[PDB]
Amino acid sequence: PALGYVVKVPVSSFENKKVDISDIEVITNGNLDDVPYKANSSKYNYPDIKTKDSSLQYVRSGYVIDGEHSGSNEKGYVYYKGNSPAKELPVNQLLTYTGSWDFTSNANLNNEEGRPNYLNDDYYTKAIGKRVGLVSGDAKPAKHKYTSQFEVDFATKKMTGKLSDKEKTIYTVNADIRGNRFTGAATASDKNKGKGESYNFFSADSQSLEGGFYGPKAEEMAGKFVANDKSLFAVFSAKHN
């Protein structure tokens, strides 16, 4: 069973202006300190690896990006991983999991797509999602905070939740629990891309939301989903209490 997944941020070109999410690799290394492709990150202008949440014992999600990206260079990777799949699951316990989520968009240089050239208030990067995919790591914490919320009913084998940006709800999640795994869908709260500085990178749904509970008594969870149109790849991890 796959311990996690890792995706490279899409990079577009002039006669390939639209490059979608692809090559979702399996992670066989379940060590939470081994960050996927960290050994390749030295060539980045600012090797930006998302902080490790030490309260998380079993799972980890985040990214490995060039935090000072330039032109058409490698942006980096988004991933999640978890070890010790749950073998005992609290039944009739109504658990609430709180954590984060991270993402990378596709790349789309087509001018008609109407992705913004400048949003310095929001991100550390220019030409948002045009040459290279937008990553959650790009956002300035003052304007964007990607948190996850999950309501899990082990009695009814049902999970609901929300992927939020600061206050705003970006996705609602629904999933069926099958053992220590879950599978389901992410529903985009906003279906319209819009245009310009109000361009919406999260307009597409996803029928491929899946992850697992990790740690003996299902103390933690992590997972991922891909947009049905490959425009986004998201990961998440959360702890219950």
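Sequential numbering from 1, following the sequence displayed.
### Task
Would you determine, from the values in the PDB entry, which of 149 to 157 and 135 to 143 has the greater average C-alpha temperature factor?
The entry gives the higher C-alpha B-factor average to 149 to 157.
### Message
When the Cα temperature factors in the entry are averaged, is it 201 to 209 or 43 to 51 that ends up higher?
### Response
Here the higher of the two C-alpha B-factor means belongs to 43 to 51.
### Message
Out of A175, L56, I27, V35, whose C-alpha atom has the biggest B factor in the entry?
### Response
The C-alpha B-factor peaks, among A175, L56, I27, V35, at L56.
### Query
Which one of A107, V78, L163, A86 shows the top CA temperature factor in the record?
Within the set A107, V78, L163, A86, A86 shows the top C-alpha B-factor.
### Message
Lowest, middle or highest third: which one holds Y97 when the chain's residues are ordered by CA B-factor from the entry?
### Response
For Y97, the deposited C-alpha B-factor lands in the highest third.
### Query
By the record's CA B-factor, is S22 among the lowest, middle or highest third of residues in the chain?
For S22, whose C-alpha B-factor we compare with every modelled residue in the chain, the answer is the middle third.
### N192 - which third its CA temperature factor falls in, relative to the rest of the chain
As the PDB entry reports it, the C-alpha B-factor of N192 lands in the middle third of its chain.
### Message
Quick check on the deposited entry: does the C-alpha B-factor of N180 sit in the lowest, middle or highest third of its chain?
### Response
As the PDB entry reports it, the C-alpha B-factor of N180 lands in the middle third of its chain.
### Query
How does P90 rank on Cα B-factor within its chain, lowest, middle or highest third?
Answer is highest: the recorded C-alpha B-factor places it there.
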